Amino acid sequence: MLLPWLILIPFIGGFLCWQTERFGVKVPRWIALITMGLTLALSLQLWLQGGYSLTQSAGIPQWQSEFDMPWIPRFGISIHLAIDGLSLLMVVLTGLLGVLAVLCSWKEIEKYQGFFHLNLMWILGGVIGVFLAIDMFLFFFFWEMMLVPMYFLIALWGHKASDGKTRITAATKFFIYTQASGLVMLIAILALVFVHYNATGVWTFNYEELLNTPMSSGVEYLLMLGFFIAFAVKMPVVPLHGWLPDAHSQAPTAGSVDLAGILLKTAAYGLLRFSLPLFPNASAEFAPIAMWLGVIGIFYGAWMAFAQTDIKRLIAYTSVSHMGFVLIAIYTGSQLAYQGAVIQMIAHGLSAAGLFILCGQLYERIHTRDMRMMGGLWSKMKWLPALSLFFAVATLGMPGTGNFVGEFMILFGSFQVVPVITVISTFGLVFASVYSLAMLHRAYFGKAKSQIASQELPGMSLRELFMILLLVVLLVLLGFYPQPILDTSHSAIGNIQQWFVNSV
Amino acid sequence: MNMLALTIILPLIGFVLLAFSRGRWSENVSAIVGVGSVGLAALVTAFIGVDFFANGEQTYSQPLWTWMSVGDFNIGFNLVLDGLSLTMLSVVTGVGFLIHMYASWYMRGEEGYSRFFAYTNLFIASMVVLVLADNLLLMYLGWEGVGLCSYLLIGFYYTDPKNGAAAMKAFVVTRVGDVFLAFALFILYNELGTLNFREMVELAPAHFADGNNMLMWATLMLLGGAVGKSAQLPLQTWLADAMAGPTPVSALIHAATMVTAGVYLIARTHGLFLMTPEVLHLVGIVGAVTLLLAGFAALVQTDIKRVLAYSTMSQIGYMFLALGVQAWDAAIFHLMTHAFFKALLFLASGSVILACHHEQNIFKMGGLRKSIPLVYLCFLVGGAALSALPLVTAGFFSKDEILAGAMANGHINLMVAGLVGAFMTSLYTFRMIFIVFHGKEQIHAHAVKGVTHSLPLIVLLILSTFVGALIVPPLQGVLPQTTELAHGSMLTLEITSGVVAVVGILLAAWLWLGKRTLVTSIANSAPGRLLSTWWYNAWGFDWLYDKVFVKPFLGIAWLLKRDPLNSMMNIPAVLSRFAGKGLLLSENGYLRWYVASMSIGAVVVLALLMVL
C-alpha cells in the first residue's frame, strides 16, 4: 500500500523542484529537504508499525506490505513491490543518505539548480525501487534507470564543461561497465523464464514461481554466472571494479555519497535476495570461486589503498576491500554470517558517507586535492580533523563502531563453515590499519609548512557539523547496541539460509 | 557493590570533556578534572575493595546490557570482580593515579595539554575494561582499546616525526598479536560454545571426552596473543621505540598498565591452560629464553630510557616463567611489588632529565649526589628491589617464593635461568647510577624543588619499599591452583639469591671503582663491538622482522603504484577502438571498390549457401 507512494516521492519532488524553478531559485533546496523527510517518515513508519520481529520460519514468501499491479500483461510483468525486513533497513538507510545529499548541496546555487535536484531525487528514487523489487523486470528496469542520471551528474556537474576528463574517461567507464553486465543479467532472466515456460506453460516474470522452477544440472550454472556478473560490476569485485575510483574522484561529493554509500548496497542485496535462492546448486558449486575472489578483493583493495596519493581515490579503494567480507559472507552456509554482513553493510554506508562529506569539505577549505601536498593542519582546523580521526578509526575494526561487529561475525560464521579461507581473510584488519594510518598521518599529522596554502584557513559552519555529529553518534550506537536491527532482519536472513540449506 | 561501571564511566566521561575542550580551558581547571577522574576511580576501587573484604572474598558480578545476541551467539557486558581481577584493578587505579598525579606537574608549561589528559583517561579506561571483563569478547575490546591509546600517546608529540613515526611499529605489532588472539577466540566458540570464563572452566572437560588434538592449536595460538601485547621473543620489537614519547606515558605503558595485559590473560585462563600441560610449560620455555636476551641490552646503549625498557622486558618474561611453573599467586605478588618500583624508577628519571636540560647521555655526567639527593634515593630504592637484595626490599619475597616454586617444579634449567637472571639484574642495577651520578659534573643538572611532585615522591618512596610488601593482595577469592610451598630450603635459596645479588652489586661497584680503562677496552674491543652490533640487532630479530616482510611489502606496493587489473580489463576497449580504427581505414570513398564490395558479398553469400 505505502510502497507505490514510497518509490514515487523522489520522482514527484523532481517534477516540483523543476516546476518551482521558474518561481524561485532558493526553493528547491527547501523543497528537497522536506520531501526526503517524508520519505524517511514512511520508511520509519514501516519500521515501527510493522511487525519487524516476525516469525523466523514463515517460508520464503513473507512481506510486511505488498503491492501488485498489471504493467505489461503479455509476459505477466507487474509492479510487484514488496517490502521485507532487511529491505526496510535498506530503505531507511537511503532516506538518511538522501537527507545528507540534499544537506551537502545546501547553499549551492548555480545557473541551473532545479535540474541538479530533479536528477538528485531521480537517482535516489531509483535505488529505493531496486530495494523494493520482486518482479524481475521491474527489478531490472529500476536497476538500469538509476544508472542513467548519474552520468549527467558526472558530466555536467563533474566540472562545468571546462575539462574533458570528467566525461570521456570517468563517466563513460561508469556507464559502459554497468550496462553491458546489466544486459547480461537480462538475458539471464530470459533464459530462466524460458526454461520455466517449457516446464509449466505460463509467461511469468514473478519471483515466487520462478523460485522453484525445475532446471537440469549444467544449465542453471550459466544463468548463475549471468546474474553474478551484473552483481559483481556494481559492488566492487576483483575482475571488474575499475569504474569506482574514477567515479568517486570526479563526481561532486554529494554524488559520491550516492555512488558509494548506497549504490554498493544493491548488488549484495541482489546476491542475498535474487541470486542465492533461485540457484541453490549452482551457487553451491560456485562457492569456492566466490571465496577466492573475496579474499583477493580484501588484500587487493588495501594494497591499492596504501599505494595511492590522493584522498577520493583513497576512500574509493577502501570500499573494494570492505565488500570482500560481504561476498564471503553471502556465499557461506551460516545464519550468523549473513546477519554480520547486514550490520557491516549498513556501517559501510555510514562510514563512507562521513569521510566523503569531510574530504569534499576539506578540499573546499584549502582548494587542494593532493594528500601529500598538505600536512599538519591540526593546529588550523578546529573540528574537521578530530571528527575525521574517528571516521578513519571507524573504517577499520574498532569496537564501538558498527564495522567491528559487522566484519567480525562474518568471520565467526566463516570459520564455522570453512577454516582455511577464513584464516587468510582475517589479515585484512592489519592492512586496514596501515591504510587508515597512512591517510591520517599524511593529511593531518605534521607541520603546516608542507604547503604554502596551509597558512590561511576558513571556519566551519553549523549545519555541516550538525550532520557530521549525527553520523558519528549514530554509528557509535550501531557499534555498541546492534540488537534492534538484527532482530529485524532475523527472519528474512533465516529463510534464505534455510532454503539454501534445504534445497541442496 | 553496584559501583563497577563507575571505575569505567567516570574516567571515560572525563575524556569526552577533554576531547572537545581542545585547549580552550585554562591550565588549572583542566589539571583538576584530569586528575579527579582517576581519583574518583581509585576511591570507588577502594570502596569495593574494602567491601570485597566485607564480602568474605566472594565474587560480585554485574551485567549491564547484552552486547549482541544471536540464538547461538550470546555476548553480554558482564563484569566479574574476583580476587585476581581486584588485584589487577588495584595496580591500575593506584599506579595510574600516581603516574597521572605527577603528570599534573610534568605537563605544564607546554601545549597539547587538554589533549594529553584526554588520551590518558582513555588509556586508563581501556585497561580497566580488559581486567574486569567476563567474556573474551569484551576483553578483546580491552586489548585493542589500549593499543590505540598507546598509539595516541607514543606518537604524542606530532611535530617531530621520529616519535611520530615510532608509534606505528608498535601499532602494527600489537595488531599482529591481536589477530593471533582472535584466532583462539574463533576456535573456542567452535569447540566449546560459550566464552564466559567460569562456564568455560566447567564446560571444557565435559566437551573433551573424545578429541583433544585441536585444543593445542587453540591454546598455543591463544598464547601467541598474550605474549605479543606485552613483550616476548617472537614479537619483541617496539619497546625500545616506545621510549621516544614523554616520560609519563613511558611509565604508563611500560610499568604496570598496558604491559600487564598479557599477564592477566594467562592468569585468568589458568584452568584453561591446565587443560593442557605442555602449552603451560611452553610459556616458561619462552620465558627462560627471553631473560637471556632482555638483560644486557640495558648496558649497551647510552639512553637511560632504553635502560629502563630492557629491564621491563626482562621482568615481564620473568613473570611468564612464574606462570609457567604453576605459581600463580606468587606471580601476581611479583606484579604487586613490580608496579611500585618500576613506576617510580621511570618517573624519577624524568625529573632528573628535566634537570639535565637536553643531555640524553650516561657518560658525560657525574657527581650528581651533590646536585639533589632526592632522585639519588629514588634510583637507590628501585635498584635494591630489582637486584633481589635482602635489605628491607619489597620484591625479594616474590623472587624467593617463585624460585621455591620453580624448584618444587624441579627443572634445573629453570633454576639456572633464575640464577643467571638474579646475577644479570644485579649487573644493571647500579652500573647506571655509578656511570651517571658519579664522576664530575661538567654540565650542571639544575634541580627543581616543589611540593607538587615531592608529596607523590614520598608516597612512592613509602610504597615501593617493604612497607608496601606487607599489603597482601586478595588472592583467596578465586581459589586458583595452589602455589606449592617448600620449607627448609627456603632459607638456603634466600641466602643464595642474596649472595648472587651481592656479587653482582660488588662487580658493578668494582667496575665503577676501577680506572674504567678496561671498560673502555672492552667497549673498544672488536669482538666486543661485534657482540654489541649483534645485540644492537637483538639476535637480529628487528633485522629479521623488517627484512622478512617489509621490503617485500614496499616492493609489492611499488609494483601496485599503478593498478594492474583495471588496465588488463581495459583491453576490450583497446581492441575495440583499434579494430574500429582499422574498419574506418578500410573505407575508401572510390566508388569502384564499393561495387567490388557488392560483388564480393555476392561471391561469399553464394559460397556460404553452397556449403549448406
# chains A, B, ... in the order shown; residues from 1 in each chain; ligands from 1

call {"tool": "residues_around", "arguments": {"residues": "residue B:431", "least_positions_apart": "4", "cutoff": "9 Å", "atoms": "only C-alpha atoms", "output": "compact mmCIF listing (two decimals) with C-alpha atoms, in the first residue's frame"}}
result
# COMPACT_ATOMS: atom_id res chain seq x y z
CA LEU B 299 74.07 -1.96 29.48
CA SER B 426 72.32 -7.04 39.83
CA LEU B 427 74.65 -6.19 36.94
CA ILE B 435 78.27 5.74 35.47
CA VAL B 436 75.81 8.66 35.65
CA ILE B 505 76.41 -5.36 43.03
CA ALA B 508 79.27 -3.19 39.28
CA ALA B 509 80.92 -1.26 42.10
CA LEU B 511 83.57 -1.71 37.50
CA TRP B 512 82.94 1.74 38.95

call {"tool": "interface_residues", "arguments": {"of": "chain A", "to": "chain B", "cutoff": "8 Å", "atoms": "only C-alpha atoms", "output": "PDB file with N, CA, C and O atoms, in the first residue's frame"}}
result
ATOM      1  N   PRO A 239      37.637  -8.764 -10.594  1.00  0.00           N
ATOM      2  CA  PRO A 239      37.982  -8.553 -12.004  1.00  0.00           C
ATOM      3  C   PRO A 239      37.468  -7.245 -12.573  1.00  0.00           C
ATOM      4  O   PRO A 239      38.158  -6.645 -13.404  1.00  0.00           O
ATOM      5  N   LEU A 240      36.313  -6.756 -12.122  1.00  0.00           N
ATOM      6  CA  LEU A 240      35.655  -5.596 -12.725  1.00  0.00           C
ATOM      7  C   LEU A 240      35.277  -4.593 -11.642  1.00  0.00           C
ATOM      8  O   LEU A 240      34.160  -4.621 -11.123  1.00  0.00           O
ATOM      9  N   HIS A 241      36.219  -3.704 -11.306  1.00  0.00           N
ATOM     10  CA  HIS A 241      35.951  -2.593 -10.403  1.00  0.00           C
ATOM     11  C   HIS A 241      36.690  -1.323 -10.807  1.00  0.00           C
ATOM     12  O   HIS A 241      36.935  -0.469  -9.949  1.00  0.00           O
ATOM     13  N   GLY A 242      37.092  -1.177 -12.065  1.00  0.00           N
ATOM     14  CA  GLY A 242      37.897  -0.017 -12.396  1.00  0.00           C
ATOM     15  C   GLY A 242      37.130   1.280 -12.432  1.00  0.00           C
ATOM     16  O   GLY A 242      37.749   2.348 -12.437  1.00  0.00           O
ATOM     17  N   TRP A 303      46.086  -2.907  -0.478  1.00  0.00           N
ATOM     18  CA  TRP A 303      47.362  -2.547  -1.093  1.00  0.00           C
ATOM     19  C   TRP A 303      47.203  -1.354  -2.015  1.00  0.00           C
ATOM     20  O   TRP A 303      48.022  -0.431  -1.996  1.00  0.00           O
ATOM     21  N   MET A 304      46.145  -1.343  -2.815  1.00  0.00           N
ATOM     22  CA  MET A 304      45.948  -0.224  -3.719  1.00  0.00           C
ATOM     23  C   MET A 304      45.570   1.025  -2.936  1.00  0.00           C
ATOM     24  O   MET A 304      45.845   2.143  -3.382  1.00  0.00           O
ATOM     25  N   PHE A 306      46.862   1.641   0.130  1.00  0.00           N
ATOM     26  CA  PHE A 306      48.109   2.126   0.706  1.00  0.00           C
ATOM     27  C   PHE A 306      48.950   2.871  -0.317  1.00  0.00           C
ATOM     28  O   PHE A 306      49.581   3.882   0.013  1.00  0.00           O
ATOM     29  N   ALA A 307      48.922   2.432  -1.569  1.00  0.00           N
ATOM     30  CA  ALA A 307      49.793   2.957  -2.611  1.00  0.00           C
ATOM     31  C   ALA A 307      49.311   4.246  -3.258  1.00  0.00           C
ATOM     32  O   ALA A 307      50.017   4.762  -4.129  1.00  0.00           O
ATOM     33  N   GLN A 308      48.162   4.787  -2.871  1.00  0.00           N
ATOM     34  CA  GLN A 308      47.573   5.911  -3.584  1.00  0.00           C
ATOM     35  C   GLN A 308      47.882   7.211  -2.858  1.00  0.00           C
ATOM     36  O   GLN A 308      48.050   7.234  -1.637  1.00  0.00           O
ATOM     37  N   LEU A 336      24.542 -16.640  11.085  1.00  0.00           N
ATOM     38  CA  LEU A 336      25.268 -15.571  11.763  1.00  0.00           C
ATOM     39  C   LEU A 336      26.113 -14.772  10.781  1.00  0.00           C
ATOM     40  O   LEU A 336      26.235 -13.550  10.905  1.00  0.00           O
ATOM     41  N   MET A 398      37.313  -1.126  14.754  1.00  0.00           N
ATOM     42  CA  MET A 398      37.481  -0.563  16.084  1.00  0.00           C
ATOM     43  C   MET A 398      36.159  -0.660  16.833  1.00  0.00           C
ATOM     44  O   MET A 398      35.141  -0.163  16.337  1.00  0.00           O
ATOM     45  N   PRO A 399      36.131  -1.255  18.022  1.00  0.00           N
ATOM     46  CA  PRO A 399      34.857  -1.583  18.659  1.00  0.00           C
ATOM     47  C   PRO A 399      34.232  -0.384  19.350  1.00  0.00           C
ATOM     48  O   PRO A 399      34.915   0.470  19.916  1.00  0.00           O
ATOM     49  N   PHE A 412      33.226 -15.180  12.306  1.00  0.00           N
ATOM     50  CA  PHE A 412      32.759 -16.289  13.135  1.00  0.00           C
ATOM     51  C   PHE A 412      32.021 -17.324  12.297  1.00  0.00           C
ATOM     52  O   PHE A 412      32.331 -18.520  12.343  1.00  0.00           O
ATOM     53  N   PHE A 415      34.423 -19.085   9.790  1.00  0.00           N
ATOM     54  CA  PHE A 415      35.214 -20.165  10.372  1.00  0.00           C
ATOM     55  C   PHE A 415      34.342 -21.342  10.775  1.00  0.00           C
ATOM     56  O   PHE A 415      34.815 -22.481  10.811  1.00  0.00           O
ATOM     57  N   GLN A 416      33.068 -21.092  11.059  1.00  0.00           N
ATOM     58  CA  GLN A 416      32.135 -22.180  11.320  1.00  0.00           C
ATOM     59  C   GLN A 416      31.986 -23.093  10.112  1.00  0.00           C
ATOM     60  O   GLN A 416      31.897 -24.317  10.260  1.00  0.00           O
ATOM     61  N   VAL A 423      40.949 -18.044   7.681  1.00  0.00           N
ATOM     62  CA  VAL A 423      42.162 -17.671   8.397  1.00  0.00           C
ATOM     63  C   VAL A 423      43.078 -16.823   7.535  1.00  0.00           C
ATOM     64  O   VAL A 423      43.901 -16.072   8.063  1.00  0.00           O
ATOM     65  N   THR A 426      41.217 -12.950   7.717  1.00  0.00           N
ATOM     66  CA  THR A 426      41.277 -12.087   8.892  1.00  0.00           C
ATOM     67  C   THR A 426      42.402 -11.073   8.814  1.00  0.00           C
ATOM     68  O   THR A 426      42.324 -10.029   9.470  1.00  0.00           O
ATOM     69  N   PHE A 427      43.432 -11.337   8.012  1.00  0.00           N
ATOM     70  CA  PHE A 427      44.599 -10.468   7.998  1.00  0.00           C
ATOM     71  C   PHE A 427      44.328  -9.120   7.352  1.00  0.00           C
ATOM     72  O   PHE A 427      45.187  -8.237   7.435  1.00  0.00           O
ATOM     73  N   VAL A 430      44.821  -6.022   9.667  1.00  0.00           N
ATOM     74  CA  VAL A 430      46.140  -5.417   9.809  1.00  0.00           C
ATOM     75  C   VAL A 430      46.374  -4.450   8.664  1.00  0.00           C
ATOM     76  O   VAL A 430      46.937  -3.368   8.846  1.00  0.00           O
ATOM     77  N   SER A 433      44.404  -1.263   9.109  1.00  0.00           N
ATOM     78  CA  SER A 433      45.134  -0.311   9.939  1.00  0.00           C
ATOM     79  C   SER A 433      46.173   0.491   9.158  1.00  0.00           C
ATOM     80  O   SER A 433      46.294   1.703   9.358  1.00  0.00           O
ATOM     81  N   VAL A 434      46.930  -0.146   8.259  1.00  0.00           N
ATOM     82  CA  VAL A 434      48.019   0.590   7.617  1.00  0.00           C
ATOM     83  C   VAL A 434      47.508   1.648   6.645  1.00  0.00           C
ATOM     84  O   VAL A 434      48.091   2.736   6.567  1.00  0.00           O
ATOM     85  N   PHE A 445      48.755  14.887  10.465  1.00  0.00           N
ATOM     86  CA  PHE A 445      49.931  14.897  11.325  1.00  0.00           C
ATOM     87  C   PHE A 445      51.097  15.473  10.539  1.00  0.00           C
ATOM     88  O   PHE A 445      51.368  15.039   9.415  1.00  0.00           O
ATOM     89  N   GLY A 446      51.786  16.427  11.128  1.00  0.00           N
ATOM     90  CA  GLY A 446      52.950  17.010  10.511  1.00  0.00           C
ATOM     91  C   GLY A 446      53.016  18.483  10.812  1.00  0.00           C
ATOM     92  O   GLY A 446      52.457  18.952  11.801  1.00  0.00           O
ATOM     93  N   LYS A 447      53.698  19.208   9.935  1.00  0.00           N
ATOM     94  CA  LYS A 447      53.863  20.647  10.052  1.00  0.00           C
ATOM     95  C   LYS A 447      53.080  21.342   8.949  1.00  0.00           C
ATOM     96  O   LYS A 447      53.038  20.869   7.807  1.00  0.00           O
ATOM     97  N   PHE A 480      27.776  -0.139  19.547  1.00  0.00           N
ATOM     98  CA  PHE A 480      27.546  -0.610  20.911  1.00  0.00           C
ATOM     99  C   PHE A 480      26.280  -1.447  21.032  1.00  0.00           C
ATOM    100  O   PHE A 480      26.272  -2.454  21.747  1.00  0.00           O
ATOM    101  N   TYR A 481      25.212  -1.059  20.338  1.00  0.00           N
ATOM    102  CA  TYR A 481      23.892  -1.657  20.519  1.00  0.00           C
ATOM    103  C   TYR A 481      23.319  -2.024  19.156  1.00  0.00           C
ATOM    104  O   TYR A 481      22.469  -1.304  18.616  1.00  0.00           O
ATOM    105  N   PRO A 482      23.763  -3.132  18.565  1.00  0.00           N
ATOM    106  CA  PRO A 482      23.249  -3.540  17.254  1.00  0.00           C
ATOM    107  C   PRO A 482      22.094  -4.523  17.312  1.00  0.00           C
ATOM    108  O   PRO A 482      21.708  -5.053  16.269  1.00  0.00           O
ATOM    109  N   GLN A 483      21.555  -4.785  18.494  1.00  0.00           N
ATOM    110  CA  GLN A 483      20.495  -5.776  18.619  1.00  0.00           C
ATOM    111  C   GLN A 483      19.216  -5.416  17.884  1.00  0.00           C
ATOM    112  O   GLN A 483      18.637  -6.316  17.253  1.00  0.00           O
TER     113      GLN A 483
END

call {"tool": "closest_residue", "arguments": {"among": "A:248, A:367, A:196, A:265", "to": "residue A:315", "atoms": "only C-alpha atoms"}}
result
A:248
